[PDB]
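What follows is a single structure, written as structure tokens, with notes after it.
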Amino acid sequence: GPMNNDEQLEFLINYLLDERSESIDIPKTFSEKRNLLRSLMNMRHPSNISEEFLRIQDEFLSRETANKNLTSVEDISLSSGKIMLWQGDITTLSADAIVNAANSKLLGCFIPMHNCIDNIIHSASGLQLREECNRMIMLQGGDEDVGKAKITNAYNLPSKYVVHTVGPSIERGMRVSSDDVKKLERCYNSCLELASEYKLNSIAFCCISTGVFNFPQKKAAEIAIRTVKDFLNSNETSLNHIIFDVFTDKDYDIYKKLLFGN
Ligand SMILES: Nc1ncnc2c1ncn2[C@@H]1O[C@H](COP(=O)(O)OP(=O)(O)OC[C@H]2O[C@H](NC(=O)C[C@H](N)C(=O)O)[C@H](O)[C@@H]2O)[C@@H](O)[C@H]1O
Ligand SMILES: [Zn+2]
Ligand SMILES: [Zn+2]
Ligand SMILES: [Zn+2]
């Protein structure tokens with residue numbers, strides 16, 4: 001009969017355990033049981049899975065998505081021209097496309113429960129995301145360079161597409177080279193160019209390179225804003241709304257000062 005919420009969750013865990021030959025007792029709460037699935041999903045290198053698993057995975061995750069506090073693009077009220085500014089979780093936002101800050105293998109994040117945007121996006125979207133990116137890397141025959149863009153379905157997310165870009169990474173101790181500036185520009189240009197070719201009306205960016213890859217937050221923002229404006233000045237595009245989705249208070253405050261002059 002109709003497997004309810006707990007019965008679906010408890011199925012999926014057992015599946016991934018039995019494919020790695022073990023079993024640990026199922027924790028008490030819903031919350032701890034939920035993190036075990038995340039953990040098992042994050043850790044699973046790409047390969048075939050049963051259509052039964054996908055179907056049920058999709059029912060479970062779509063439901064979770066539908067029960068969050070979703071935000072529509074037309075409901076963001078802070079805007080300057082086609083640019084909007086918004087603080088919130090990119091997995092709650094109904095844009096045509098969201099941008100993922102990814103790595104050169106484009107497989108997402110293998111640490112259980114890490115809070116990088118790559119893990120967060122793959123954990124809400126589903127295993128199909130890793131599988132689709134893996135088919136694209138295999139056909140390309142080679143890792144993805146910094147500053148390009150690739151597009152995929154968004155699966156159980158509330159958006160339609162995900163755009164994957166790999167930003168530059170700043171070694172601990174070193175200052176930012178003119179070459180690193182140019183590469184982070186190219187991330188923004190590639191993502192705009194791709195969404196333009198797909199004729200999308202809205203895209204949401206995260207603050208690429210500013211977490212694990214350790215780019216200074218203020219300098220990143222000056223670049224992101226100048227690049228987006230030069231692109232909108234210089235091209236025709238179907239884009240009406242380009243959303244800087246910021247996650248930390250400090251990035252909110254940085255972006256707010258530079259866009260809305262105090
Ligand atoms: N929900 C959210 N919505 C909006 N913005 C958010 C959200 N959450 C965070 N964010 C924000 O997204 C921005 C992007 O930060 P970020 O660290 O995700 O990305 P970054 O571009 O600076 O770095 C990307 C790299 O690290 C990952 N890799 C790992 O984590 C692997 C590891 N080093 C290993 O040893 O195994 C990933 O595969 C790639 O390799 C930040 O401003 C957060 O506040
Ligand atoms: Zn509109
Ligand atoms: Zn991570
Ligand atoms: Zn193209």
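Along the chain as shown, the residues are counted starting at 1.
Just so you know, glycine gets a Cβ as well, placed from its N, Cα and C.
Among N103, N134, only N103 appears in Swiss-Prot as part of the ADP-D-ribose site alongside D89, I90, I117, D118, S209, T210, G211, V212, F213. Within the set of binding-site residues (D89, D118), the lowest number of other Cβ atoms found within 10 Å of a Cβ is recorded at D89. Each of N42, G108, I111, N115, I117, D118, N119, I120, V212 belongs to the same chain as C109, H114, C116, is absent from that list, and has a C-beta within 8 angstroms of the C-beta centroid marking the Zn(2+) site. Within the set of binding-site residues (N103, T210), the lowest number of other Cβ atoms found within 10 Å of a Cβ is recorded at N103.
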